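Listed here are the chains, written in short residue letters.
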Amino acid sequence: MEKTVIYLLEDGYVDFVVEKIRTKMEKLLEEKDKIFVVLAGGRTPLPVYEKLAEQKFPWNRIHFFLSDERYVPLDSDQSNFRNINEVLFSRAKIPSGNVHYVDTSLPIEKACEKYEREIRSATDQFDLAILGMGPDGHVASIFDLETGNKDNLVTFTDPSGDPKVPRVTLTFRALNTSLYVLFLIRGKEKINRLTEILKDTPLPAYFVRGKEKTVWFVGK
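Residues numbered from 1 in each chain as written, not as in the entry; some residues may be left out. Heavy atoms only, no water.

- Structure determination for this entry is recorded as X-ray crystallography, at 1.70 Å resolution.

Topic: the packing of helix α2 (residues 45-52) against helix α3 (residues 80-89)
Working step 1: Contact geometry of α2 with α3 gives a least axis separation of 8 Å together with a crossing angle of 30 degrees. Taken as axis vectors, α2 and α3 run roughly parallel relative to one another. Along its contact with α2, which presents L46, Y49 and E50, the element α3 presents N83, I84, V87 and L88. (Axes fitted to C-alpha atoms, helices over the stretch in contact; angles between N-to-C directions. Helix = DSSP H or I, 4+ residues; strand = E, 2+ residues; numbered from the N terminus. Parallel < 35°, antiparallel > 145°, perpendicular 65-115°, else oblique. Contact = heavy atoms within 4.5 Å.)

Some thoughts on the side chain of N98
Working step 1: Here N98 shows up in the loop between α3 and β5 (99-100).
Working step 2: Among the polar contacts listed, one links the side chain of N98 to the backbone oxygen of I62, at a separation of 2.9 Å.
Working step 3: Setting aside anything within four residues of it in sequence, one finds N98 in contact with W59, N60, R61, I62, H63 and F64. (Polar contact = N/O pair within 3.5 Å; in protein donor to acceptor, adjacent residues only side chain to side chain.)

A word on a nonpolar patch on the surface
Working step 1: Together, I6, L8 and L198 make up a nonpolar patch on the protein surface, roughly 280 Å² of accessible area in all.
Working step 2: Tracing the backbone through its elements, the reader meets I6 in strand β1 (residues 3-9). (Patch = residues over 30% accessible without salt bridge, like charges linked within 9 Å, V, L, I, M, F, W, Y side chains within 5 Å. Areas by Shrake-Rupley, 256 points an atom, 1.4 Å probe, with all protein chains shown as cover. Salt bridge = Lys/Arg side-chain N within 4 Å of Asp/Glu carboxyl O.)

Looking at the packing of aromatic side chains
Working step 1: Within the structure shown, the criterion is met by 13 aromatic pairs.
Working step 2: Each ring, one from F57 and one from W59, has its centre 5.4 Å from the other, and the planes form 70 degrees; the classification is edge-to-face. One exposure class covers both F57 and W59, and it is buried.
Working step 3: Members of the aromatic cluster, connected to one another through ring pairs, are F57, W59, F64, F81, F89 and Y101.
Working step 4: The side chain of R209 reaches across the aromatic face of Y206, ending 4.9 Å from its centre. (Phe/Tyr/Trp six-rings, centres within 6.5 Å; stacked < 30°, edge-to-face > 60°. Buried < 20%, exposed > 50% of the residue type's maximum accessible area, 1.4 Å probe, protein only. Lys NZ or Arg CZ within 6 Å of the ring centre and 35° of its normal.)

Comments concerning the sheet that holds strand β10 (residues 213-219)
Working step 1: Strand order in this open sheet of seven strands is β1-β10-β9-β6-β2-β3-β5, and the pairing throughout is parallel. Both outer strands of the open sheet, β1 and β5, are each paired with one neighbouring strand and no more.
Working step 2: Seen against the sheet, helix α1 (residues 13-31) touches β1, β2 (35-39), β3 (62-66), β6 (128-131), β9 (180-186) and β10 and runs at an angle of roughly 170 degrees to β9.
Working step 3: Lying over the sheet, helix α7 (residues 188-198) contacts β1, β9 and β10, oriented at roughly 145 degrees with respect to β10. (Pairing = 2+ DSSP bridges.)

What follows is the structure, encoded as structure tokens:
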């Protein structure tokens, strides 16, 4: 059945997480020809991607999707695409067509719709989602429950978060098509958020679950 698993790590956080994601992707690749993985930006996931890019994977069989994007230029240090491209997309030799991101050069709604069409065309279900969670409990760029509950795979927001800029984000519906959802969080503040989630506090992250499993890698 489907449930949630929480790992509390005291040491070697990044290496542990990398090994777990590595094993899972290896297993997935033994089962299917192509796998689709969603990636969140942020300071905790980046180091992990940096190491994953060094692994010998058949990159042409792995497709990546950003979980969300800040509506700013793609070469901005505030761009999730720029940051993930720096540690992964431009380091691992992943075919250009296998990488999907939000085209912020377009009007925000058009960037949303283009991204949604791309996602639907590539797959009807994600295999793995590697997500982070803010100290406020938000996931991807879902700060308000209304945003997460949008009846689309992709939606956009008014200026939100920090940086306080408009965002384009996958919805709860899109994220929940993931077979496995992995949350990567570190620190007392986020541990506080997770405990509130354990007590059924409806923070955004509380609503994202994998169809098979949801795993939290916690760096206490």
